[PDB]
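These protein sequences, in sequence, are chains X and U. For what it's worth, this note's numbering labels the leading residue of the first sequence as 6, then goes sequentially. For what it's worth, this note's numbering labels the leading residue of the second sequence as 6, then goes sequentially. Even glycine gets a Cβ: it sits at the ideal position worked out from N, Cα and C. The structure appears right after this line, and notes come after that.
Protein chains: 2
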Amino acid sequence: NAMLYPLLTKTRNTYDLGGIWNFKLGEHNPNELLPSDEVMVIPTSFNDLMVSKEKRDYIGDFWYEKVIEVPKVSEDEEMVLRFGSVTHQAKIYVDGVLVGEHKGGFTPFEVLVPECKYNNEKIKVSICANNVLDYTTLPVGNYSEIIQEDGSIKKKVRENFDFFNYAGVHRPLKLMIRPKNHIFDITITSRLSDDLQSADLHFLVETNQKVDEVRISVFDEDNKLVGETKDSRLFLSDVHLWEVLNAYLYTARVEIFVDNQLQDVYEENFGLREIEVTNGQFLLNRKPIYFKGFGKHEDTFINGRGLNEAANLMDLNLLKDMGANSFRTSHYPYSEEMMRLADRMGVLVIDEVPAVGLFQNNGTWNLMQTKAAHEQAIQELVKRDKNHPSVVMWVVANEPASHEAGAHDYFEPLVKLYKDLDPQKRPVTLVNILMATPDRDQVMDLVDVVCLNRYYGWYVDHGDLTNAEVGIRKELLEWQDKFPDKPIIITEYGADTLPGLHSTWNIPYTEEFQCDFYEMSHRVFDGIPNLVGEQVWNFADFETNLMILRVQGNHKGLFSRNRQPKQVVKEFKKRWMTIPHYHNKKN
Amino acid sequence: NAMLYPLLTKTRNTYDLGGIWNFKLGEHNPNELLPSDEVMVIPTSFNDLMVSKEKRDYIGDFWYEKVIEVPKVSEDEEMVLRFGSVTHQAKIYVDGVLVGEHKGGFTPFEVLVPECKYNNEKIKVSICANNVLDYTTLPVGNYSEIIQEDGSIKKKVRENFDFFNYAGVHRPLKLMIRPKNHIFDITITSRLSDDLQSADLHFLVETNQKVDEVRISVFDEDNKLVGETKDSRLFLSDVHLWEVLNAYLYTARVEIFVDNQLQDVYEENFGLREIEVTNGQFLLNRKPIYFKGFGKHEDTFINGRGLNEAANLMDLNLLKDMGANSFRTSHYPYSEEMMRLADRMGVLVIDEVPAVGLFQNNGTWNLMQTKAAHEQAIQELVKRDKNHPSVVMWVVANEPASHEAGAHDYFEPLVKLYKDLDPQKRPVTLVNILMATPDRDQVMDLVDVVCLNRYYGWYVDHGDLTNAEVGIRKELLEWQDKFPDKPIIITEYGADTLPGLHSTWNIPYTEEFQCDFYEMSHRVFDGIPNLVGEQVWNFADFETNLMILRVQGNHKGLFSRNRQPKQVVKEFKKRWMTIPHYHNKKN
Ligand SMILES: [Mg+2]
Ligand SMILES: [Mg+2]
Ligand SMILES: [Mg+2]
Ligand SMILES: [Mg+2]
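Now the structure itself:
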């Protein structure tokens, strides 16, 4: 498939197809030439590039089209289109001919270009993207159609989630020339010695056709050979562990040979680190970890949900400076670029599928037709990210109706799928909503870590921190009592805060209240032995749809959308730099 | 004169003439009836009540007029109009007849209503206010006239000071019925015993005609008689001192008798407290005091420079809560209501005449014709405020050209005037500008306390706190060395800060930089033994005129103009509540 990150090797010619494409919101015949009347950038969200609300709110098919000159392709090579993602659905066309299709707006997929065109001068690539969401998609949307009484159908998507339905081609599109017989997947696992000084490496290299020899060379951060094998197994000594905010990455250069000549070559990075959840603790390299960080969003001005590597590094640098150590890919898999960056910077990542909105506005599980999309999402995510040492936990869903009948039957095989697919068998969790109190919830028994989204003082007991403190402490103790050996992580807690709003009277929406809210929250958290992590909502302000509770988007960010700090940022840096990354609160 | 605060006694009927007056910007004949086409409130600034810039920027004569019904006036009584102030100049008319005049917009004055009208049904009061400032007025303005080539003269005042030229009747106007033979002044002094348990009280009661007996009764805060005398002197035991943020006020009920019957009665409050400047220290009740507080302004939205008692109490409550203890009446005498409030709340007050702008945009002292206005300002201020225990120091000028030739000759008799008029002989100071470095300044030898307005890091070394810290420390040590026994007080230091502006890179105008600026400043201040006080500029944002350095007024306030706090307020409360009111930094 297309799990492997696009690389430039001697056997793989990878070209970027980013830039300006002919664009159109509406119907189009791919047998016809899309004019240049409207253009659009790849990669980016198209929404904030539209000046009018009408075109910004567009729902349905929208087209990208461009004539691309064909490079040299040899006899033993094939040519594929590798999409980082297309949001949400896509049909791919080459010279008007349907050639590929994908559903899900946050996972990569590749599409084969017909071999009969490899000697043509040019090919026309048409991308039929679609941003419709319903009860069969992840994330879940409320779809509806209304006739404008002009004879036309106007589509509308009422989001079942708290973020703007940004759409377009958000991630790099690559034109890849690769051998027909190539490496399509590489799985790297390791068993650390008792003294943590040695490691037993296992490699699973998958090819689409037979090969005579699989040679694997391992290089350290000084690019020095530390091991080589033809048997896909290798013992290492004097190893250097991948540590929190102190990353060490090895490189596995995988070469396949046929008839004593190079067939294909690929390089996959990996890190040596151990993960275990036991006795109400989260262990990294056999030491108790305290999560400090953020729930994030792929969201910036202009680009919307589009990839911005500079934004990734800026955010992660701010994360490091504050004394934080982790973040969650809420509420969808982020770019591969972000994951690889997290690997390099030693940042812990809670990896998450777009399973948000599984909640009817009871009887949620008699209406959700998301099973197929949910299974694919888990399969794609694990296959894409399993080699990332930064990935330390999987999320099966964010705030589903886990208190309703049918919830357990829905999630039991999905939790199992994570365990079966992941070669590291990392802990999986479910991000719990406030309606599902310990007594009502019927799904948390399936997961390894209890993740809670709680807003005592904002949603419940609004502006009443006194009564809020009692409520949050009361429920946290209930969770600890119901699951005595499961670690607890707060994955969302915050208060909307507009920059410039001030008061001496602890007023919600002001910068002072955000400080007060978090100060109260932390006082409670520190008294719960099983609470091993705190991730705020959100890192930065982000765009949402139109509703009365949203004051031009979500303002629960510690930073503004332009990455400028709010008053509370200074307070978090004090706390997070006092609490070490390795912090045992069992003592 | 009109030094005594208007009171309601059995011999004094005091009526408030506040409310709606017929108003007109421009020429008017007081022999004629001003129509009600335009109206204006007393008391308030008229400026922000004008919707257009033209009328708001008006310079010249503007009129208030109202027909007022005459109350009962007996044979031995007279009727006067008592203005808290009129800004800046005023001519008062009764039935079209000129009857009083005053120059100076921040001091009280009374005007006698002609006795031939006491039996009339009504009288017409006309107030010809004027807001022109020049080189003969305090504060100093740059006056100019330009012909609009329509045949008319347009006047313009270019302020020589950093605050908006708000004008109008800013303070209560009273209609006072009093005996012809009345008490027109009361001076209260006291000598504290060596054990601070007793006090020798001296009273100087002034009447305009002869009286047979002056009886003075003294009551404590429980309204209990603690002493009485006919000889204007009284010894007190078990006295209760007036303390910083712990005020104790006594009341002197003064009665004058003629032929064994009551002629007039008035009550004047006073406090028992001792002040002395010696050995680089400011002593209150013989203990080293550390000033913590603000340079302020009589400034609020809507009312402008108009009296707002609620605003006074709100500000003083904020002052008390932060751990502060003092403020300065920059740059003009404030309302009597504010002074009396400060007496009640135990807040230290640095009292200041409108001597701001004595600086040519060298040769300042060959152009300033302010001597007469300056002498009157000192006379009026001392006579009005000498009995206030809150008043602990006088200011002779704010940022004058004290480095130019002629400065010493100008200020020497003015400093002397303070010492001669004030029965308590309180310390007097001069607020020094940054251009007048210790080597250049030729006036600070005259004063008892060195007051400095310094902006290292904002005006000099803008956004360079590193080089700013060196500069401020260097000069402060020079001042301490040039005047080894004079206490130093920072009367202005701050940075413009717009609410909502944020950055991680110590950027000027942001809320973070304001914190950084003050943090650096305090580090320096704490290393200077002779520095006995810190007063920030400003307490709150305030209105100024139009110039490129002013982003809609002055934003150096710790609070916004609506009295909402900025980020730095929290930092000041921490520091000011750690440093006691009585704090000796000689140790
Ligand atoms: Mg909460
Ligand atoms: Mg703790
Ligand atoms: Mg300074
Ligand atoms: Mg100190």
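Residue i Cβ short of 6 Å to ligand 1 heavy atom set
i         : result
X/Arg-478 : no
X/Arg-459 : yes
Test: residue i CB closer than 7 Å to a CB of chain X
i        : result
U/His-33 : no
Beta carbon proximity, residue i to chain U, threshold 7 Å
i                    : result
residue 4 of chain X : The structure shown does not extend to residue 4 of chain X, since chain X is modelled only from 6 to 592, so the question has no answer here.
X/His-507            : yes
X/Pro-504            : yes
X/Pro-293            : no
X/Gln-569            : yes
X/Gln-572            : yes
Cβ-heavy atom distance, residue i to ligand 3, below 6 Å
i         : result
U/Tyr-498 : yes
Close beta carbons around residue i, own chain, < 8 Å, minus the five adjacent residues each side
i         : result
X/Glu-233 : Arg-220, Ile-221, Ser-222, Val-223, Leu-239
X/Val-465 : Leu-439, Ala-473, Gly-476
X/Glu-524 : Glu-576
U/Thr-434 : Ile-355, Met-398, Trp-399, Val-400, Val-401, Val-452, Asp-453, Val-454, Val-455, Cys-456, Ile-494
Same chain only: Cβ atoms within 7 Å of residue i, ignoring 5 sequence neighbours per side
i         : result
X/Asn-458 : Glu-404, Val-436, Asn-437, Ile-438, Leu-439, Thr-496, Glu-497
U/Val-244 : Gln-202, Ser-203, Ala-204, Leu-277
U/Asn-313 : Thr-305
Cutoff 6 Å; reference residue i; Cβ partners in own chain excluding five residues on either side
i         : result
X/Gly-538 : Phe-296, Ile-494
X/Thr-16  : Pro-184, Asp-269, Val-270
X/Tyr-20  : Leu-180
Next item on the list: Could you name each continuous alpha helix (DSSP H) segment of 4 residues or more that falls completely within the region 309–340 of chain U, going from the start of the chain to the end?
Entry: DSSP runs (the alpha helix (DSSP H)) wholly in the region 309–340 of chain U: 314–327.
Next item on the list: Jot down the residue ranges of each uninterrupted beta strand (DSSP E) in the region 209–263 of chain U, minimum 3 residues, whole runs only, in chain order.
Entry: Counting only runs of 3 or more, we get 218–224, 230–234, 238–241, 255–263.
Next item on the list: Ignoring anything shorter than 4 residues or poking outside the region 18–74 of chain U, list the alpha helix (DSSP H) runs there in chain order.
Entry: Counting whole runs of 4 or more residues, the region 18–74 of chain U contains the alpha helix (DSSP H) stretches 58–61.
Check: Any residues whose CB sits closer than 6 Å to a heavy atom of ligand 4? List them in chain order?
Finding: Qualifying residues come out as U/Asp-531, U/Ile-584, U/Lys-590.
Note to self: Which runs of the beta strand (DSSP E) at least 3 residues long sit entirely within the region 477–504 of chain X? Give them in chain order.
What the structure shows: When DSSP assignments are scanned along the region 477–504 of chain X, the uninterrupted stretches of beta strand (DSSP E) that are 3 or more residues long and fall wholly within it turn out to be 493–497.
Next item on the list: Counting only runs of 3+ residues fully inside the region 129–206 of chain X, write out the beta strand (DSSP E) ranges in chain order.
Entry: Within the region 129–206 of chain X, the complete beta strand (DSSP E) runs of at least 3 residues are 146–152, 158–164, 178–184, 188–197.
Next item on the list: Jot down the residue ranges of each uninterrupted beta strand (DSSP E) in the region 342–420 of chain X, minimum 3 residues, whole runs only, in chain order.
Entry: Complete beta strand (DSSP E) runs here, min 3: 353–357, 396–403.
Check: Of all the beta strand (DSSP E) runs that stay within the bounds of the region 433–460 of chain U, which reach a length of 3 or more residues?
Finding: Listed in chain order, the complete beta strand (DSSP E) runs (minimum 3 residues) inside the region 433–460 of chain U are 433–437, 454–458.
Checklist line | Uninterrupted alpha helix (DSSP H) stretches inside the region 504–536 of chain U (no shorter than 4 residues) | finding: Counting whole runs of 4 or more residues, the region 504–536 of chain U contains the alpha helix (DSSP H) stretches 516–530.
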